[PDB]
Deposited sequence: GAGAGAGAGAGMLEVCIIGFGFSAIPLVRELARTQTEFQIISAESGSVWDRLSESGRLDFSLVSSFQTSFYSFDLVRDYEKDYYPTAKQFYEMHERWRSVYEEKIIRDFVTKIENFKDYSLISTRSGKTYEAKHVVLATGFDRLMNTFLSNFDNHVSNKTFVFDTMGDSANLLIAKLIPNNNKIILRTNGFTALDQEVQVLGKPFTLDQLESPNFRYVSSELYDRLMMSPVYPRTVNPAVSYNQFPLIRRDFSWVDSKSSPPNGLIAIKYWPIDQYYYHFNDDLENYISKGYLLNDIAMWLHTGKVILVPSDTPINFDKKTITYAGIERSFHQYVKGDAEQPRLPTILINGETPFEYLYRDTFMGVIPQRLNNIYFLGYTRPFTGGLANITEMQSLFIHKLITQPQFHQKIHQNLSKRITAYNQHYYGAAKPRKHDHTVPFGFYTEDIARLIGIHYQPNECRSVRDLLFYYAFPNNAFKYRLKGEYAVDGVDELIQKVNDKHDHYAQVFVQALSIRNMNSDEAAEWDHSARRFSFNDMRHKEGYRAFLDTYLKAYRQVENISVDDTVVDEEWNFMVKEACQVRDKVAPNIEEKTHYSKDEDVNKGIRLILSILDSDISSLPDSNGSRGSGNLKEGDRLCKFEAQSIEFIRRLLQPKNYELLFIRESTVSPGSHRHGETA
């Protein structure tokens, strides 16, 4: 009898397959001849973009340990190359077929294929990823079309990449949307580049919900009146968050597009522009697009004729070439039949940690949890660890399964509360999720075990990447020591985010919102760092056009667009003329680095009550997670 069958092999399954190989667990992989989007994009020559996620969070520990030199955004091409290197390694263990049905019994599953070949397997893992409506538009849709109007119903990562591609052909972009959360993927900290995932210091939630909330949420909730911020200049991007019913912020089910803000894009790519473009570094600055009106927000309920092929705004019946409905995201699950008979119904909440469904035996889900920020690698590597422990250690299997139902309920209570299931429940803060799995598995760190300020910096402020939890213990990966050192030396041991936590420990929600936006460039959607980049934008469009062999007359005038652009940018034109963090952080960092190797418990009483606070980081009050305990 087959111990393990892995169904679906592209990206999510690699870390698990590695662990099974390490334990010499008998396993087979079944995966489609036809492959993924990535195979689609590759053969159509459309691996011409870059990830919205840091290298650190997007490639697995056992790669980063070899190839991490600096932070950078890997290209689509490089991401694919990495799937293909690991496919090549495990190809012998892969059967090229398509699974059509799984009949789940008491301690095994019957797997049916399109070939008609049948497979029996004790443990069955699904890693089939998602069908995505939008894949066609990246797959196939023409990036040679010009001067047309697109209407997008939802903003997501795919809409932003497509928009990135449509702007340089004077395509006009209307978002008829119920708001969206966009976040500069890269941020200046005293003028040094940090990917937004470097600045989340998630374990600060253990100090309190309240503190972690003002640490994180002012760029997402509309809490500041600072007129430099995109959600005051353009209030249409504001969202209905009344669905959030949890103390854990940012909440499960919050999604965001991560994007190049043009200043960081400039800093990175100005000196070899066309070369950088043609590798796949595309400017996708939604904030810049709104500033310059190459995109407009219109109200959600703006009238629209799909027959007449027009939308009514600015008292204009505007014709449009295409309405893009936006990215529905469906797990690619084959039919799963319970004890031979009853259809299993997938619902992320009805599953433990996105991984363990309730009425099935020895079936695990790998790749169906979405990280709020950073790459899937964080989620998928930790899930692979969790699934490997469940499959090979019956003690672990039993401990987790005994009370699976109460674990799921306690998880859903903590993270979702009374909220009805939403289609984005699969989305989680990466540094909560990785930490969650690490405490489940037992490869977590103990706050109580920090000795130096340095240890407190590593515990609280070093990002909860998967490889953080592979330094020591059951899932240790050689080279993680040197990776963490490298990463720590390059980022000042993450003292700047640690000092942010110090700085707002005593503020209320509104004080922290104001403080976060007092900076000369606050982290996300700072509209003061846009005008000065109009010239560069034209160089960029010229450069994009020369890489993709495009011709466009920039003198054509769409006076309806301009009336529309003017109608849309009314609040902005009112609010933009009305236009501490850098100082506090600057001092905080000087202080922390001065006591790096200073012993914690030892530190002296009443540089004020901030030491009292640093000392209480050994005994955080919000450490309980009832779906673990």
Check: deposited residues absent from the model (no CA) fall at 1-11, 591-596, 624-641, 665-679
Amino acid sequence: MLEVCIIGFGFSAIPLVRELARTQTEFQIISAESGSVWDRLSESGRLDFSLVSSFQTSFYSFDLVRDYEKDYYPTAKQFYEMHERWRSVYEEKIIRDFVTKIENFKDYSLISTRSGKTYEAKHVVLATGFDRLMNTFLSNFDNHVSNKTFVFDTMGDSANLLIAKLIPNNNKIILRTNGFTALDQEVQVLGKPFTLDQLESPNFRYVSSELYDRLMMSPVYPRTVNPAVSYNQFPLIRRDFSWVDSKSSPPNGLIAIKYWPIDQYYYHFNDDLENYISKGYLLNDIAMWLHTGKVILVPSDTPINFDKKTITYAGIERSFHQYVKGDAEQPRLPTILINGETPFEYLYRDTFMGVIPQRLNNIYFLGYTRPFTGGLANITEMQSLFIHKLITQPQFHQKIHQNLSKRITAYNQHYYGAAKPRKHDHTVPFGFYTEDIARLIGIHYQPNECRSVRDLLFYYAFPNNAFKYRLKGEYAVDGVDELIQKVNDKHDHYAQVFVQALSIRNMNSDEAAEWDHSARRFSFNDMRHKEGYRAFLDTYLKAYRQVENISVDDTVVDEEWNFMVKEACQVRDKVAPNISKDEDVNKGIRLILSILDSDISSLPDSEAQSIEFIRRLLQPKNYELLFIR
From here on, numbers count along this sequence of modelled residues.
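The term rigid core refers to the most C-alpha atoms you can superpose between the two forms while keeping them within 1.5 Å.
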So which moves more in 6 other deposited structures of this protein by CA, 323-331 or 275-283, given a superposition on the core? 323-331
Which is farther from the shown form in 6 other deposited structures of this protein in C-alpha RMS with the core fitted, 42-50 or 558-566? 558-566
At least a third of the other compared entries: do they leave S606 without coordinates? yes
Can you tell me which stretch has the higher mean Cα B-factor, 138-146 or 160-168? 138-146
In the PDB record, does 502-510 or 310-318 carry the higher mean Cα temperature factor? 310-318
Report the option among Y265, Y540, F234, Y445 whose CA atom has the maximum B-factor in the deposited record. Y540
From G374, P202, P250, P343, which pick has the Cα B-factor that tops the rest in the entry? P343
Compare the C-alpha B factor of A608 with those of the other modelled residues in its chain, then answer lowest, middle or highest third. highest
Third assignment of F62 from its chain's C-alpha B-factors: lowest
Among the modelled residues of this chain, does the Cα B factor of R18 put it in the lowest, middle or highest third? lowest
Give the position of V552 by CA B-factor within its chain, expressed as the lowest, middle or highest third. highest
Lowest, middle or highest third: which one holds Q398 when the chain's residues are ordered by CA B-factor from the entry? middle
